[PDB]
Each structure stands twice: as C-alpha cells, then as structure tokens.
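Worksheet for the structure shown next.
FYI, it's all coordinate maths here, none of it is from the lab. Every residue, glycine among them, receives a Cβ derived from its backbone with ideal geometry; neighbour counts consider all protein chains shown.
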Amino acid sequence: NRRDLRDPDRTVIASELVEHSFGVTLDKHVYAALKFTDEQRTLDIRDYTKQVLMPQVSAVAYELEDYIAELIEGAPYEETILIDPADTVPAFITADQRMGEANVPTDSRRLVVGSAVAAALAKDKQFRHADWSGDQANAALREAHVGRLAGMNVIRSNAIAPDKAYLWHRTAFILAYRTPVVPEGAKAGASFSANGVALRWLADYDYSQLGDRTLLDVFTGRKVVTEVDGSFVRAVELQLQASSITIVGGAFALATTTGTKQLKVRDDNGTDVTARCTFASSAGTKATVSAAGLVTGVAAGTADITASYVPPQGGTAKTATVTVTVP
Amino acid sequence: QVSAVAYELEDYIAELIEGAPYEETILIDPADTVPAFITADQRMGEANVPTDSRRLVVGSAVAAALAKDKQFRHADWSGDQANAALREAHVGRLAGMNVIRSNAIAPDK
Amino acid sequence: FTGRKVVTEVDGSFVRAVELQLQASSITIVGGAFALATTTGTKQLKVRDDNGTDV
Amino acid sequence: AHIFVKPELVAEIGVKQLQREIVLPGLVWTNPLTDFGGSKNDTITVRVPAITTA
C-alpha cells in the first residue's frame, strides 16, 4: 500500500496471503478389444504378433494421439488469431505478443501447425521472394519448407486441423497415465508400450462363443492449466483465414435419378471444409442434398445446390453454387 | 512482502513516467513506424537535450508493431539479411536509440 | 519513504522526455456477435483495437 | 458399494502465478539528493543557473 509522510492517521492496511489450487483427475479408459473364433485362430491367423498384437498397439497409440489432440484443440481459448494467407507473419508476432503480455515464460514454447498453415507459410511472399526474407538459398521456394518464424520453430502435425496452429507453453496441458493391474483371476497377460505409455494386455476364452477375447487398455487423464481468475493464457490458437469456398468438380450431371454424388468443398486455402458447410437445394423436388454432402436427384430437371460456409473470421457465410442436371 | 513492495515501487516509477506533463504525443503509424521515432529525435534535439543518457522504453504493442513493420520485416528494405525481425520477433535498435521492452507502461506507448 | 519529481524547464515546459502513442484505426469486440443463453446470463466484453491493444 | 477412506493430498508441480519482470527502477535517476532530513518540508531547492542575452 501507500500513505503520506507526517500523516496524523497512523493506520496500516494489512495485506492478505491466499493460496490457490486446482485439481487433476483420471477420467478416461482407452482400450482396443478383439475377438476370434477357434476356427480363425486355428486356420486364418498364422502370425499372432504381426496380425493381431501390433495393429492393436498401433490403434491404441493413434487413439492416445487423438486424445492429446482433442485436449489441445478443445482447450478454452478466448479468441483465435486469424492468419491472413497473404500476410502470415503478423499473426504469429501477435501470438508471441499475447503470450508475452500474459507474462508467460519465453522458453519451453511449442508451435504445432497443420498442413494448410505450413503450406500457407511456404506460399507466403514474405518467405518465398528471397528479398523480403534474406535467405538467398531460397527454402520456401526450392523446398516448400519455412521452419522458423517470429521466434518459434514449426512442428508439422496431421493430428490437429489443417488450418489451425497452436503455440503453448509446456505447463499449459497435463497428461496422466495409469496401467491397470492384471487381477488374480485373470490369465497372466503381457504389458506393451504405445509411445512410452504402458498398456495392459489381457486374454480371456469364452466357452459360450467358442472364442478368445483380447483387451489392450490404459487409464488416461488430461487437464488444461488455467489461471486463478479462470482465464487461459498459457496457450494461443491461430486459424487460417478463408475468403471463398468452391465445390470441386464444378457443374455436374447425375448418372440417374437413383444416383448419389458425394460433394467436396474446398476453401481458397485448399482445406477440406465439407464437414463445416450447410448444403441446400434450390429445386427440392428435382434434387435433394444431404447435410453431410450427399446429393440425390429424385426428379429429372435442374437444381442449384448451394454450400454455405461461415468463415473463421465470421461475417456473412461464403456461398458456392453448383448446377445439377438430373436425367 | 518484499516482492509486493518492489512491484509497488515499480508502479510508482511507472506512474511518474506516464503522468509527466507531455506537451505533444507523437502518433506512431503502425504501417510506417520509423518516422515517429525520427520525429521524437528531432523534437528532443530541437530542445537542445544532450544526445547521451537517453532511454527508450516501449510497451508490448509498440515492440510488436516494430516487428510487424515491413521496414524491418523485409530484408531488402533494411539490410539485415539474417532478418531478426522475421525469424525472431525482435527489433532492437532504430533511429539511433535502443529499445527497452516493459510491461509496466501502457502497451501502445 | 519515497519521493519523485519531474524536472521541468524554467518556463514550465517539459522538454526532457517525449511520449509516443501507437495509432488505432478500428476497434473490435472479442467474441464478435453473440446471443445470450438467458436473461441472467452475463458476458464480460473485451475490446481490442487493430493493434491488438486491450482498450 | 465398497467404500474406502483415502486422504486428499496436496501436490505442487511448479505452476506458479504469472508476474512480470521489473525493469523500470534501473533506468530512472535515483537518489541525487539525500539530505531531506535537515531541510524544511523535506524539500531540497535545486538551483538552475542564469543565462543572459546580448
């Protein structure tokens, strides 16, 4: 506190010392089960380790990667920094500035970008023109690889969305693992490893179905470390901007009235956004389009099918129109 | 207790620096930031202030805008082919002064 | 005990320090357009200029 | 079902509250005057010399 000298009010305002806390919990149980008849194990299965165990371990490993990806992508971000594909560096400088303004330490920061963000970095004239970036032995042109920008290295991942990047301090996300113990009644099983996580394997024969059932499991838990006031400042999200969407294939003709066509929509960055667009048909009687991209034209004629995609930056939804001639 | 008193004294100094009777404010244009600092040098020299013992303390936004500036990002426009304003986000010296980044003062000042 | 002083000139003008401010041309509310869940629902608004300064 | 009495144990993994660095006190003129005790109103009257014109 503060007060004035010679002040006849000789009082002191005591300060307070309050400690805070959060909580980390085990919540999830990641497994991969299989079942085999006696005929399959006797005849069809020739190499058990190569045909059964290794694919099971790989499946559990990919499931754990997707678990971590859902933790990172699903964390509470107050706002997303929009990367302009023509000018990408200001977005990353802004991300570093946001991390600095929250007093996040400058070390142990990891930047993981999607494929589309990395391609936009390579396509950027900042890195490609060898005079806006120095770098005479041009790498964004002869190798399509940027690597470092705005003070952070780039890690390319296919688990996270293509048009999104995440810059996080090490203390932002916490994973915890636990290997279930093989009980006393269980047949003595093995223990495998997926990306350094010890998985429990277990086999049990069921007389009723004349078969064998295998289970490869682990207990998992995850946490996003928030601050005392509830804000999340240790991780920062960036999303690549989109300005127009186009339906691949252009105007097309259906094979028949019973026929179906699966539409794909791509933004100007080239990201597959068909899982984020709303599909509508101008002529409902002649043709109907599903919400997931499927197009069915029941009646002969012509229909104008529109895909509406609200962009990452918001505003009016980008509309792409296609013409369907149903025979 | 010691940390609280230290931060309180830093706030004291920040209020002293920020609350001074500044006659005019030099508006940094984030698209072209160098002329603002050259103008600050011109104003301080025209007042016959000695060129030594000068300190430049910028906020977070000012340093970020210096890094974002095409004058410093593009290596043709600034020399500096290592491009420390692109690979890093660090602009360290411009207009003859060294930049000191502080979180105590306002971000855009 | 602490004290501070700004050294002004003999005519009262302050010339020994210069302040610079970063221009702002547009302010945007974090979160953009929104719809409240209920009437009791309260939302804290953060406004950022084009330089990303919390104004 | 089965009920177990288990402690609620507190850990500390190195997640501290984020605070800024202090840089300002080193950059400002500190203690050019020290004898505030021994002056009226705790005030030292710094003198600026005179200049003339021809």
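Data overview
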item: Using a Förster distance of 22 Å, the FRET efficiency for A:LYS187-A:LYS50 (Cβ separation, nearest 0.05); result: 0.50
item: Angstrom value of the Kirkwood radius, inverse mean 1/r, which spans all Cα pairs in the range A:42-183; result: 17.9 Å
item: Per-selection Kirkwood Rh - chain A (Cα, Å, 1 d.p.); result: 24.9 Å
item: Convex hull volume of the range A:115-254 per residue (C-alpha atoms, cubic angstrom); result: 300 Å³
item: Over 16 Å [Cα-Cα, the range A:39-94], rounded percent; result: 68 percent
item: Coil-residue trypsin sites (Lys or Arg not before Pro) of the range A:136-187, DSSP, other Cβ within 10 Å capped at 12; result: A:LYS187
item: With Cα atoms, 0 to 90° folded angle of helix B:34-46 axis to chain B main axis; result: 60 degrees
item: 17 Å cut-off, amide nitrogen to a point 7 angstrom out along B:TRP77 Cα→Cβ, residues in the range B:17-48; result: B:28-38
item: Per-residue [θ]222 nm for chain A (sum of -39500 (n - 2.57) over DSSP H runs n ≥ 4, rounded to 500); result: -4500 deg cm²/dmol
item: A:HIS145 versus D:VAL46: modelled label distance in nm, points set 7 Å from Cα along the beta carbon direction; result: 5.9 nm
item: Residue with peak Gaussian network fluctuation, chain A [Cα springs, cutoff 10 Å], from A:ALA144, A:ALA198, A:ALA188; result: A:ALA188
item: Overall dimensions of the range B:1-90 by Cα: Rg and Dmax, Å; result: 16.7, 51
item: Restricting chain D to trypsin sites (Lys or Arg not before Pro) in coil, as DSSP defines it, with at most 13 other Cβ within 10 Å; result: D:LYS16, D:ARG47
item: In the range A:212-327, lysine pairs with alpha-carbon atoms under 28 angstrom apart (chain gap of 8 or more, or interchain); result: 5
item: Debye log10 I(q)/I(0) for the range C:16-55, one point scatterer per Cα, at q = 0.18, 0.34 Å⁻¹; result: -0.63, -1.15
item: Ratio of the Cα radius of gyration of the range A:201-256 to 2.2 N^0.38 Å, where N counts its residues; result: 2.56
item: For the range A:171-237: span of alpha carbons on each principal axis (Å, largest first); result: 56, 23, 22
item: Whole-angstrom gap from chain D to the range B:13-88, using each part's C-alpha centre; result: 26 Å
item: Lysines whose Cα lies under 19 Å from that of A:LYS50, excluding same-chain neighbours fewer than 8 positions away; result: A:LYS35
item: Proxy reagent accessibility, fewest Cβ within 10 Å first, across C:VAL6, B:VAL49; result: C:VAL6, B:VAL49
item: Most fluctuating residue given options A:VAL154, A:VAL52, A:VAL225, as computed from a GNM of chain A linking Cα atoms under 10 Å; result: A:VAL52
item: Cut-off 13 Å, label 7 Å out along Cα→Cβ of C:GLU19, residues of the range B:89-107 by amide N; result: B:105-107
item: Average silhouette area of chain D, convex hull of alpha-carbon atoms, in square nanometres; result: 11.9 nm²
item: Longest DSSP-loop-exposure-free segment, GluC sites (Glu not before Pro), chain A, at most 11 other Cβ within 10 Å; result: A:185-327
item: Kirkwood-type radius of the protein assembly as shown, with distances r between different C-alpha atoms, in Å; result: 29.5 Å
item: Loop-located chymotrypsin sites (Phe, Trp or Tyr not before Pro) in chain C whose Cβ has at most 12 other Cβ within 10 Å (DSSP); result: C:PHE1, C:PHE34
